[PDB]
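Novice: Okay, here's the structure, questions in a sec.
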Amino acid sequence: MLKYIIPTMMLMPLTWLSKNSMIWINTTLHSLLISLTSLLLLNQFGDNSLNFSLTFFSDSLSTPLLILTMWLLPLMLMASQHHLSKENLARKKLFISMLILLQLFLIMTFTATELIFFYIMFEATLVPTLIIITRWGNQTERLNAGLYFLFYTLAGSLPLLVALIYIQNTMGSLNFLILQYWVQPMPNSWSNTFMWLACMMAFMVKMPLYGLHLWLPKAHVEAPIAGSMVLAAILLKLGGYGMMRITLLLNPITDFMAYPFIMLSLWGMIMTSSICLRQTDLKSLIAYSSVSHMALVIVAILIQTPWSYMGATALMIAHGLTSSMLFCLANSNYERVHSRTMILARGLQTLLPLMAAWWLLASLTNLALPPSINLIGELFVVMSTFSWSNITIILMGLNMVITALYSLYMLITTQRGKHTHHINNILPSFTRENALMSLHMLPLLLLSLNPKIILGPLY
Amino acid sequence: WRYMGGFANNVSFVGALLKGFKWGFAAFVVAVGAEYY
Amino acid sequence: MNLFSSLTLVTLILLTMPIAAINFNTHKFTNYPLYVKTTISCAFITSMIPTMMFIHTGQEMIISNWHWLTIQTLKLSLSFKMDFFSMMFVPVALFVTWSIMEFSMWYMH
Amino acid sequence: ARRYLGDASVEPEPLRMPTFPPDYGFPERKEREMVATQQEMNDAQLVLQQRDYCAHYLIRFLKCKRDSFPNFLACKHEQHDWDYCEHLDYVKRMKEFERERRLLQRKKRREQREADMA
Amino acid sequence: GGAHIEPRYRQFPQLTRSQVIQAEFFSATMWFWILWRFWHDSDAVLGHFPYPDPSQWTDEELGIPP
Amino acid sequence: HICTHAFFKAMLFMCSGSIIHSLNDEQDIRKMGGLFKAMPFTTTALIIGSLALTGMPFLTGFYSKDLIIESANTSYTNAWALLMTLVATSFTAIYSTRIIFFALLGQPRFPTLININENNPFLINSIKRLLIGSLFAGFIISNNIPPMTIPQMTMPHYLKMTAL
Amino acid sequence: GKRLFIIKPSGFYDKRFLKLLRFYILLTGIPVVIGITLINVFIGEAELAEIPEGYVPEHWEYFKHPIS
Amino acid sequence: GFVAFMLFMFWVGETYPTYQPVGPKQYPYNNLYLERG
Amino acid sequence: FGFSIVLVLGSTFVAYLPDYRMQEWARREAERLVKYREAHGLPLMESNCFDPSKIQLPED
Amino acid sequence: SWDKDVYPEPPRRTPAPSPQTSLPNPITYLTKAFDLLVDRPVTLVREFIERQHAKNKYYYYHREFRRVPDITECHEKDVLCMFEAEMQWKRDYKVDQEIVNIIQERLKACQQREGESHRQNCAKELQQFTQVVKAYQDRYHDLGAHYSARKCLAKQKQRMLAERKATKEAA
Amino acid sequence: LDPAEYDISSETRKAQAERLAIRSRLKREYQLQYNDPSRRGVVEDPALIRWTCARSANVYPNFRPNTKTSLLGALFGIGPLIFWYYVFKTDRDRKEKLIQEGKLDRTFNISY
Amino acid sequence: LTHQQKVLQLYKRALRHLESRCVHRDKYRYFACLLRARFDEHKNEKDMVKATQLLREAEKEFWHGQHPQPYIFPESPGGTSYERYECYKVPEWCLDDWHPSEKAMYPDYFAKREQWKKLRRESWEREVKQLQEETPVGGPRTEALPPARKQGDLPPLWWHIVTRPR
Amino acid sequence: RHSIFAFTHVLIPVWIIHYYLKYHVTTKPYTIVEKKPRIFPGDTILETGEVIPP
Amino acid sequence: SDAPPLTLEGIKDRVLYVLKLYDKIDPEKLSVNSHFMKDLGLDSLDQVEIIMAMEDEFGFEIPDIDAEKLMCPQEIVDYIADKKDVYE
């Protein structure tokens, strides 16, 4: 793995020392060159999860998520420009530096063997994002929604360290490999109560369950587009990921303890899926969408059928590319007219006749269209949850109908029905926009051919 | 105007189901002439 | 028997058009809609042969091509199911759409 | 439905029909008409409930289709042949309707009232 | 373009001879066919639906109750 | 009956467009006009397709709908569906009577300045092939249907004579 | 009138980007497709046999296809 | 109309030929004995 | 670098890379083993993932 | 050229064509012509590609995995033995997976071959299907996301005990 | 909905409603009606910004004094929700029972 | 709002619903004639309250005469058109930027169009002066746009030269 | 010749696809599984003993 | 296609034509300038009729508010002229 850790760390001084006007070229170039070897990362085979070094390794799930990250930097950075494209050089190199360092701690996190290294690198991932969205977020009143946002995290996110260290000195090694094979059943009682609840809610703050979902919307409307594609394409999948692994233990506990959270996610899937229907201000719609799909993910995690994981991880990746892209559409629409409010402008089938195809295509990929990976994952998840409860399909498929309705409502009234004709600004497309859209969808449609890469460890 | 013209003769219904009967079951009349001769 | 492999030809005979509708980006200006129409008919006759073959000998052969992933205990690939439901239906669909497409050449001019 | 046979034959379903005769079995007066070999009956695959007596005709019609393929009309006669045989048969079940209705009236009425005399 | 369509205001729309030729031809087709095979068909196609006269079959009469 | 229906109603629309676009476009059954006013072939299509979808007298779709109501007319149907079939098909016929008694019947009443044109190989060839096929297609589908069951084919009085 | 002047959003940027995109995807598409074709043709895919007695099979060649 | 049907649900129409003379009449299961001679 | 190298090149890489998750090997091995199981008459797939011949059980 | 007795192909039992009436030859013009047009023009190419392959051969081997003590001889901890055991357990597991695939496909091809006879000639293969899938059903079925050996061995303990009480109530 | 009563409009309502209403209206019509050359960007009208800001729930963070509010919200997430808790736990436990005893007739279930 | 358009509207849409009622247009005629008398006896009285009263009575008696699908000519909002073509209307401020190549694709259009750009670039000062002059304080009372006295353009012209229907 | 060039436009799919199946079918065990051809007692051995009704 | 446009000559011939078909007043004075009420003194309700049946001649639009004040024939031709697409 270390061969992936150096090249980005070297990608830092590449930024810092450079001639002005070449920073985007150098960074983009070498970053894609990283993406190649990220694609090299797949040797994964047979049974044993490959182990690069005794410090950190990769099973399947870490590999798709990692590939998605290293793929996502160049597209992200590629997208962030022209948001500014005027400043002192120090702002540019600072921003690209911050995206880099963020990616570094992400790779640390996904690859990390031992859960404390995972945790240190965890908050160490959260800081750079915070600096990004707060230092310049377009700052509507700033909301102070970066900082006490970090308090939404740490508030209940710290004690999982406590619980961990407990697990440490009781069993010795916190290496994940040896935490496996040594895991021993934990009966249902009040101590295991506070523990299970500790770890669970600790990660459940990240992928918002309907209780805590107030977390996302403000933080994600205040984010600059780079910080958005960071946030909702990845930083939820960290919570769901670590959840995937630490559910290794808690074996019987997660039943009696799971049930209330499962209920809350099955209901909140529908609720969130509803509230995202009626809102204005497009940037929020895709946010609450993310809340919905992530609720579905949690539902998938707690019920432990392997199907549940296969569909789960598939939903992590597919929702990553889909949500990310769709954000970047919202932005490409925002540079045209400065609003963020959906209903303000309309049309864009007449105008920008190509940008249609990317709106349509992406929305459909969030509409759960059958060959799309989003429907592979969502489908297997629905299978698992129907296996768990014969009844729950009313709620699930009801999410199918609603997700259809808003996912296809966004496709309209931004994109269709009239041109508001008091605009007379929007400049047709760009090549860059098409590059971004393409770099999103084209892999998401190709993965719909050979998905067995992105299905989870159990396969 | 809506009355006078090549209009105003029009057709009463069942005339629609009498449209082409003449030539049609004319050739129907001849039709069996193949097996009868 | 492999003339039913020509039956799985006709579907790609339909597949052909959108590829033309994308890649070249000029000769479509030459009135391809006519071209689409012709592809439909080609699919109509090339789709008409298997119906005849069936309605003498039956012989419905399902083909799996190359399989779709695997997952756990159930390997689902894809197929083309000749039931005489497909055999009989698809010439009708192609035929009616032949009509509606020529008519459309009249409607949308 | 002439006998119970047994499930020890390893056969659920059409190898076990209700019995080899499709419908009734006619203990009644005399037997049931002729036969059509079950093996032939399978090797020309016949949908259940398409599979009855009169198949003497049916399977010959299935001949006549592949007899002359390009001809659409082919045999209208054999068509009318199993049309006729199963005409007569459905009429037979009509006659069973008759037999049983009249048995009802006769033994019901006679035996009820003449039983209720004393 | 102009086909000699002759856009007209208030008089009878002009008509192509060959067109009414076609339509009339297909009228002859429909009824020629329909009464054709109506002479080739039947609306009562087989022996008639039965009658209770055999519901006597008085030989069947009850044995023990004379 | 799905196949046949496809032919017949596809015909019916693809003619109704000749009416509409030929009229400019009102597409309301009010206004409209009579049958033959420089509209021979479209109206022919409308009594082939109308007279067709009526349930047919003896024509093609008859090979579907009449058989359907014969077998459904018999055996174990919960019998609330028999009257359903009857008055159902009847009101289909009365749809047809509506579109003839309005679109094809009275002398022309509609926005003036007739623009109507039937002359173009695209329509006549389209409706052409669809009707030439229709009357001959249901007949091929008729007795090429390898027999899948026992047709009634013994049909009692008053349970036979009620289809047409 | 004779010929009206139509108003379209623009033709240049869409068509341009498509021309470019096709150009590159083809640019490394053709060599690779040609390659898969060749090594499909001149070099054979592979054949099985079985493990020889007392023989150490190498790391690779447990796998059929040569590009593997 | 629907609930009227479900009142028709336990009741029925029958096959042949006609219906509702009914005393304790037959219905399809073919019932008593069998004999002829 | 974005469209040419990674999409086309990489898509050919992961298109066919060595057999992933071993499942092709799983097919071959399955074929051989099943053939053996019938040809030698043993019932295939005996359940019991571990022979009760070697195992011990707790006691009340 | 797959192994035959793994995937049965029953007797082909092709009927003998009888013209039975003198008419045109609607498909056979085109089955011969097709076999003129699309048979050889491809066949030459496939054969040429054949010789091209055959001039230089390859040999690739189906891998083997030896056996080990599996779960029994490993002590309660000290993973160093366990890793082998439980991972090869996972291998043999996936093997059983593909067995289930094989049987499950035999059933499908069976019905498709029979035709309208669905319950005639698939009884044997469906029977052995219920046998195998009841075995898999009994053994691996319900464990969960995280499963290695300890849990399969566990469930087997569960059945052995439940059937030991069942066989004391057998008395 | 359903224009009715055909109001006589009186006198004030005539003068007041007419003059003042169409007064403010035409004021704002002409206001955004300027529509000159040289504006590249949006017309920005202060309308619908009030819509957005208010619909961002300005009173959400402050508080919710009791009145009927806690009853409408609590009873709004009460009846269906907790009952669904009870039904999924119910059918849950039933499923577990019919698995552990008798038969659920799963037979071949496998992938689950 | 005045008695004029009130009565006249009720008359007009009354004729509309009556159109939708009958068929063959003659029965529509002499019925519409009986109505022509029904309002023809009216209007000869300048009595104030009696009139509006009887009108309202015709508002209920009319409201009875509405069948739910009154005939709607295509172009207004209705089930036929109301901008079927609306995806085809591209505002003239688009094409302000095309590529100079395609700006050379049709060399002589932008000539005259440039004469417009100068027509209304030279303008708008004459406009703002005339308007700022004429408007009573606030411009409350007028939704109209009175013309220009000097030789030249009518001041708020720009949007009122429109992309046309198809 | 032009219509035979469109007949090539259809025919090349016949070449490829048919080739794909010529090597394909043999390469993989189960595919193109067809209903066993309908067999009649006319072929092999026929047992009837029939005559009548008219 | 729906080829024929309504040109100035055409629409003139049409409004002119139908107003000449109106019986209660004579073709005597009919001109685009000839006053649509003051000359003929026709009922204002009757101009509501004229605009009614003339709308049913051309089949579109004509909202009540704009239909109120129409009057002179040249003007009606004008309204139909800008609402439809007319000029060269």
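Letters A, B, ... go to the chains of the structure tokens in the order shown; residues in each chain start at 1; ligands are counted from 1 in the same order.
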For chain B, list the residues within 6 Å of chain E, counting only C-alpha atoms, and write the list as a ChimeraX atom specification.
Specialist: /B:20,23-25,28
Novice: With N, CA and C atoms retained, write the just-selected residues as a PDB file, in the first residue's frame.
Specialist:
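The result, stored in result02.pdb:
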ATOM      1  N   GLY B  20     -69.492  -0.077 -49.786  1.00  0.00           N
ATOM      2  CA  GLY B  20     -69.001  -0.789 -50.947  1.00  0.00           C
ATOM      3  C   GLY B  20     -69.642  -2.124 -51.276  1.00  0.00           C
ATOM      4  N   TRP B  23     -69.915  -3.670 -55.534  1.00  0.00           N
ATOM      5  CA  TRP B  23     -68.810  -4.369 -56.176  1.00  0.00           C
ATOM      6  C   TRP B  23     -68.341  -5.534 -55.317  1.00  0.00           C
ATOM      7  N   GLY B  24     -68.399  -5.371 -53.998  1.00  0.00           N
ATOM      8  CA  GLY B  24     -67.895  -6.378 -53.089  1.00  0.00           C
ATOM      9  C   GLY B  24     -68.627  -7.699 -53.165  1.00  0.00           C
ATOM     10  N   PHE B  25     -69.931  -7.717 -52.906  1.00  0.00           N
ATOM     11  CA  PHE B  25     -70.602  -8.990 -53.086  1.00  0.00           C
ATOM     12  C   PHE B  25     -71.060  -9.193 -54.515  1.00  0.00           C
ATOM     13  N   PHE B  28     -68.331 -11.360 -54.811  1.00  0.00           N
ATOM     14  CA  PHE B  28     -68.815 -12.511 -54.052  1.00  0.00           C
ATOM     15  C   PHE B  28     -69.748 -13.373 -54.891  1.00  0.00           C
TER      16      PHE B  28
END
Novice: Taking only C-alpha atoms into account and nothing else, which residues of chain F lie no more than 7 Å away from chain D? Please answer as a ChimeraX atom specification.
Specialist: /F:148-150,154
Novice: Counting only C-alpha atoms, collect the residues of chain J whose closest atom lies at most 8 Å from chain I, and write them out as a PyMOL selection string.
Specialist: chain J and resi 3+5-6+62-63+72+94-96+98-99+132+135-136+138-139+152-153+156-157+160-161
Novice: Select, as a PyMOL selection string, those residues of chain A with any atom no more than 10 Å from chain I (distances computed using only C-alpha atoms).
Specialist: chain A and resi 28-33+35-37+39-40+42-47+60+71+74-75+435-436+438-439+442-443+446-447+449-450+452-453+457-459
Novice: Extract, using only C-alpha atoms, all DNA, RNA and protein residues at most 10 Å from residue 54 of chain N, discarding same-chain residues fewer than 4 positions from it, and format them as a VMD selection string.
Specialist: chain N and resid 14 to 15 18 to 19 48 to 50 58 to 60 62 76
Novice: Which of these residues is nearest to chain K, using only C-alpha atoms: J:101, J:112, J:167, J:120?
Specialist: J:101
Novice: Excluding same-chain residues fewer than 3 positions from residue 30 of chain M, what lies within 8 Å of it counting only C-alpha atoms, as a PyMOL selection string?
Specialist: (chain J and resi 7+109) or (chain M and resi 25+33)
Novice: Give me, as a list in words, the contact residues of chain G against chain N at a cut-off of 12 Å, counting only C-alpha atoms.
Specialist: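 In the required form, that comes to residues 1, 2, 3 and 4 of chain G.
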Novice: Show me, as a ChimeraX atom specification, every residue of chain G with an atom at most 12 Å from chain C, counting only C-alpha atoms.
Specialist: /G:14-16,18-23,25-26
Novice: Determine, using only C-alpha atoms, which residues of chain M have any atom at most 10 Å from an atom of segment 54-73 of chain C, and tabulate each with its shortest atom pair and distance in Å to one decimal place, rows ordered by chain and then rising number, as JSON lines.
Specialist:
{"residue": "M:20", "atom": "CA", "partner": "C:65", "partner_atom": "CA", "distance": 9.5}
{"residue": "M:21", "atom": "CA", "partner": "C:65", "partner_atom": "CA", "distance": 8.7}
{"residue": "M:24", "atom": "CA", "partner": "C:65", "partner_atom": "CA", "distance": 8.1}
{"residue": "M:25", "atom": "CA", "partner": "C:65", "partner_atom": "CA", "distance": 8.8}
{"residue": "M:28", "atom": "CA", "partner": "C:66", "partner_atom": "CA", "distance": 9.1}
{"residue": "M:30", "atom": "CA", "partner": "C:64", "partner_atom": "CA", "distance": 8.0}
{"residue": "M:31", "atom": "CA", "partner": "C:63", "partner_atom": "CA", "distance": 4.9}
{"residue": "M:32", "atom": "CA", "partner": "C:63", "partner_atom": "CA", "distance": 4.4}
{"residue": "M:33", "atom": "CA", "partner": "C:61", "partner_atom": "CA", "distance": 4.9}
{"residue": "M:34", "atom": "CA", "partner": "C:61", "partner_atom": "CA", "distance": 3.6}
{"residue": "M:35", "atom": "CA", "partner": "C:59", "partner_atom": "CA", "distance": 5.2}
{"residue": "M:36", "atom": "CA", "partner": "C:59", "partner_atom": "CA", "distance": 6.8}
{"residue": "M:37", "atom": "CA", "partner": "C:59", "partner_atom": "CA", "distance": 5.9}
{"residue": "M:38", "atom": "CA", "partner": "C:57", "partner_atom": "CA", "distance": 7.0}
{"residue": "M:39", "atom": "CA", "partner": "C:57", "partner_atom": "CA", "distance": 9.7}
Novice: Going by DSSP on the backbone, which bits of chain I are alpha helix (DSSP H)? Write them as a list in words, please.
Specialist: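 Written out, the alpha helix (DSSP H) residues of chain I are residues 11, 12, 13, 23, 24, 25, 26, 27, 28, 29, 30, 31, 32, 33, 34, 35, 36, 37, 38 and 39 of chain I.
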Novice: Do a neighbour search on residue 14 of chain E at 12 Å with only C-alpha atoms, toss out local chain neighbours closer than 3 positions, and write the hits as a PyMOL selection string.
Specialist: (chain B and resi 6) or (chain E and resi 4-11+17+19-20) or (chain F and resi 36-40+114-119)
Novice: Near residue 17 of chain H, counting only C-alpha atoms, which residues have an atom at most 10 Å away, once you skip same-chain residues fewer than 2 positions from it, shown as an MDAnalysis selection string?
Specialist: (chainID D and resid 94 97) or (chainID E and resid 49:51) or (chainID F and resid 74:75 156:157 159) or (chainID H and resid 14:15 19)
Novice: Tell me, counting only C-alpha atoms, for each residue of chain D within 12 Å of chain E, which pair of atoms is nearest and how far apart they are in Å to one decimal, in rows ordered by chain and increasing number, as CSV.
Specialist:
residue,atom,partner,partner_atom,distance
D:28,CA,E:60,CA,11.7
D:29,CA,E:60,CA,11.5
D:76,CA,E:41,CA,11.8
D:80,CA,E:46,CA,8.8
D:81,CA,E:46,CA,11.0
D:82,CA,E:46,CA,11.7
D:83,CA,E:46,CA,8.3
D:84,CA,E:46,CA,7.7
D:85,CA,E:46,CA,11.2
D:86,CA,E:46,CA,11.1
D:87,CA,E:47,CA,7.9
D:88,CA,E:47,CA,8.9
D:89,CA,E:50,CA,12.0
D:90,CA,E:49,CA,10.0
D:91,CA,E:50,CA,7.1
D:92,CA,E:50,CA,9.9
D:93,CA,E:50,CA,11.0
D:94,CA,E:50,CA,7.7
D:95,CA,E:55,CA,7.5
D:96,CA,E:55,CA,9.6
D:97,CA,E:55,CA,9.2
D:98,CA,E:55,CA,5.5
D:99,CA,E:55,CA,6.8
D:100,CA,E:55,CA,9.8
D:101,CA,E:55,CA,8.9
D:102,CA,E:55,CA,7.3
D:103,CA,E:62,CA,8.6
D:104,CA,E:62,CA,11.5
D:105,CA,E:62,CA,11.5
D:106,CA,E:62,CA,8.0
D:107,CA,E:62,CA,8.1
D:108,CA,E:62,CA,11.8
D:109,CA,E:65,CA,11.9
D:110,CA,E:65,CA,8.3
D:111,CA,E:65,CA,8.6
D:114,CA,E:65,CA,9.8
D:115,CA,E:65,CA,11.2
Novice: Output N, CA, C and O atoms for every residue in that selection, as a short mmCIF file (atom, residue, chain, number, x, y, z; two decimals), in the first residue's frame.
Specialist:
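File written: result.cif
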data_model
loop_
_atom_site.label_atom_id
_atom_site.label_comp_id
_atom_site.auth_asym_id
_atom_site.auth_seq_id
_atom_site.Cartn_x
_atom_site.Cartn_y
_atom_site.Cartn_z
N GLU D 28 -69.94 -48.21 -14.01
CA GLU D 28 -71.18 -48.09 -14.76
C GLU D 28 -71.61 -49.39 -15.43
O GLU D 28 -71.83 -50.41 -14.76
N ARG D 29 -71.73 -49.37 -16.75
CA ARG D 29 -72.03 -50.58 -17.52
C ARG D 29 -70.75 -51.31 -17.90
O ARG D 29 -70.42 -52.35 -17.32
N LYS D 76 -59.11 -29.63 -42.62
CA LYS D 76 -60.25 -29.24 -41.82
C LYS D 76 -61.02 -30.47 -41.34
O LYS D 76 -61.80 -30.37 -40.39
N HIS D 80 -62.37 -31.33 -37.55
CA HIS D 80 -63.74 -31.71 -37.27
C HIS D 80 -63.85 -33.12 -36.71
O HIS D 80 -64.92 -33.48 -36.21
N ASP D 81 -62.79 -33.92 -36.79
CA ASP D 81 -62.87 -35.29 -36.28
C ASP D 81 -62.74 -35.31 -34.77
O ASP D 81 -63.53 -35.97 -34.09
N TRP D 82 -61.76 -34.60 -34.22
CA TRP D 82 -61.73 -34.53 -32.77
C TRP D 82 -62.76 -33.55 -32.25
O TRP D 82 -63.24 -33.70 -31.12
N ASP D 83 -63.13 -32.56 -33.07
CA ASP D 83 -64.33 -31.77 -32.78
C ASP D 83 -65.54 -32.67 -32.59
O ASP D 83 -66.34 -32.46 -31.67
N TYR D 84 -65.69 -33.68 -33.44
CA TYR D 84 -66.85 -34.56 -33.35
C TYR D 84 -66.73 -35.51 -32.16
O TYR D 84 -67.68 -35.69 -31.40
N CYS D 85 -65.57 -36.14 -32.01
CA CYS D 85 -65.40 -37.11 -30.94
C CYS D 85 -65.60 -36.46 -29.58
O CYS D 85 -66.31 -36.99 -28.72
N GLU D 86 -65.00 -35.28 -29.38
CA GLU D 86 -65.19 -34.61 -28.11
C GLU D 86 -66.53 -33.90 -28.01
O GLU D 86 -67.00 -33.65 -26.90
N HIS D 87 -67.14 -33.56 -29.14
CA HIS D 87 -68.57 -33.24 -29.14
C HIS D 87 -69.34 -34.34 -28.44
O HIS D 87 -69.93 -34.13 -27.38
N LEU D 88 -69.29 -35.54 -29.01
CA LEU D 88 -69.98 -36.70 -28.45
C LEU D 88 -69.61 -36.93 -26.99
O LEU D 88 -70.44 -37.37 -26.20
N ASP D 89 -68.36 -36.66 -26.62
CA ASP D 89 -67.93 -36.92 -25.25
C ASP D 89 -68.54 -35.91 -24.28
O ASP D 89 -69.12 -36.29 -23.26
N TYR D 90 -68.38 -34.62 -24.57
CA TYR D 90 -69.02 -33.61 -23.73
C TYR D 90 -70.51 -33.86 -23.63
O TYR D 90 -71.11 -33.69 -22.56
N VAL D 91 -71.13 -34.31 -24.73
CA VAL D 91 -72.51 -34.76 -24.69
C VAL D 91 -72.66 -35.94 -23.75
O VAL D 91 -73.69 -36.09 -23.08
N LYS D 92 -71.65 -36.81 -23.66
CA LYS D 92 -71.74 -37.89 -22.69
C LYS D 92 -71.80 -37.34 -21.28
O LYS D 92 -72.64 -37.76 -20.48
N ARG D 93 -70.92 -36.39 -20.94
CA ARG D 93 -71.01 -35.82 -19.61
C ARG D 93 -72.34 -35.11 -19.41
O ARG D 93 -72.86 -35.06 -18.29
N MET D 94 -72.93 -34.58 -20.49
CA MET D 94 -74.32 -34.14 -20.43
C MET D 94 -75.22 -35.27 -19.98
O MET D 94 -76.09 -35.09 -19.12
N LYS D 95 -75.04 -36.46 -20.55
CA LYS D 95 -75.88 -37.59 -20.19
C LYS D 95 -75.66 -38.00 -18.75
O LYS D 95 -76.57 -38.54 -18.11
N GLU D 96 -74.46 -37.76 -18.22
CA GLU D 96 -74.22 -38.04 -16.81
C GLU D 96 -74.94 -37.04 -15.93
O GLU D 96 -75.53 -37.40 -14.90
N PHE D 97 -74.92 -35.77 -16.33
CA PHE D 97 -75.79 -34.76 -15.73
C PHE D 97 -77.22 -35.27 -15.67
O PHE D 97 -77.88 -35.21 -14.63
N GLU D 98 -77.72 -35.81 -16.80
CA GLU D 98 -79.08 -36.32 -16.85
C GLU D 98 -79.28 -37.46 -15.86
O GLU D 98 -80.16 -37.38 -14.98
N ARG D 99 -78.47 -38.51 -15.98
CA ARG D 99 -78.60 -39.69 -15.13
C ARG D 99 -78.66 -39.29 -13.67
O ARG D 99 -79.52 -39.77 -12.91
N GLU D 100 -77.76 -38.42 -13.25
CA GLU D 100 -77.71 -38.13 -11.83
C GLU D 100 -78.84 -37.21 -11.39
O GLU D 100 -79.39 -37.39 -10.30
N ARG D 101 -79.20 -36.23 -12.22
CA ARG D 101 -80.34 -35.39 -11.87
C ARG D 101 -81.60 -36.23 -11.67
O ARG D 101 -82.30 -36.09 -10.66
N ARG D 102 -81.87 -37.13 -12.61
CA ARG D 102 -83.07 -37.95 -12.50
C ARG D 102 -82.97 -38.93 -11.34
O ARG D 102 -83.98 -39.20 -10.68
N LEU D 103 -81.78 -39.47 -11.06
CA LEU D 103 -81.64 -40.30 -9.86
C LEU D 103 -81.97 -39.52 -8.60
O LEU D 103 -82.66 -40.02 -7.71
N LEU D 104 -81.49 -38.28 -8.52
CA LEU D 104 -81.91 -37.38 -7.45
C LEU D 104 -83.42 -37.34 -7.34
O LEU D 104 -84.00 -37.74 -6.33
N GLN D 105 -84.09 -36.85 -8.39
CA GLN D 105 -85.54 -36.69 -8.33
C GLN D 105 -86.23 -37.98 -7.90
O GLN D 105 -87.06 -37.98 -6.98
N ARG D 106 -85.84 -39.10 -8.51
CA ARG D 106 -86.54 -40.37 -8.29
C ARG D 106 -86.37 -40.85 -6.85
O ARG D 106 -87.36 -41.07 -6.14
N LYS D 107 -85.12 -41.01 -6.40
CA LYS D 107 -84.92 -41.63 -5.10
C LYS D 107 -85.16 -40.66 -3.96
O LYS D 107 -85.72 -41.04 -2.92
N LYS D 108 -84.77 -39.39 -4.13
CA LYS D 108 -85.22 -38.33 -3.24
C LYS D 108 -86.72 -38.39 -3.04
O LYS D 108 -87.19 -38.76 -1.97
N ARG D 109 -87.48 -38.03 -4.08
CA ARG D 109 -88.93 -37.91 -3.93
C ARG D 109 -89.56 -39.22 -3.46
O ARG D 109 -90.13 -39.28 -2.36
N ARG D 110 -89.45 -40.27 -4.27
CA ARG D 110 -90.06 -41.55 -3.93
C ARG D 110 -89.71 -41.99 -2.52
O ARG D 110 -90.60 -42.31 -1.71
N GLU D 111 -88.42 -42.00 -2.19
CA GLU D 111 -88.02 -42.61 -0.92
C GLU D 111 -88.34 -41.70 0.26
O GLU D 111 -88.63 -42.20 1.35
N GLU D 114 -92.68 -41.85 0.30
CA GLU D 114 -93.09 -43.22 0.60
C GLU D 114 -92.35 -43.78 1.81
O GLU D 114 -92.78 -44.80 2.36
N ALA D 115 -91.26 -43.14 2.23
CA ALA D 115 -90.69 -43.45 3.53
C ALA D 115 -91.43 -42.73 4.65
O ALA D 115 -91.46 -43.21 5.78
#
Novice: Fewer than 4 positions away in the same chain doesn't count, so skip those; otherwise give me all residues within 10 Å of residue 62 of chain F, counting only C-alpha atoms, as a PyMOL selection string.
Specialist: chain F and resi 1+4+52-58+66-68+138-139+142+163-164
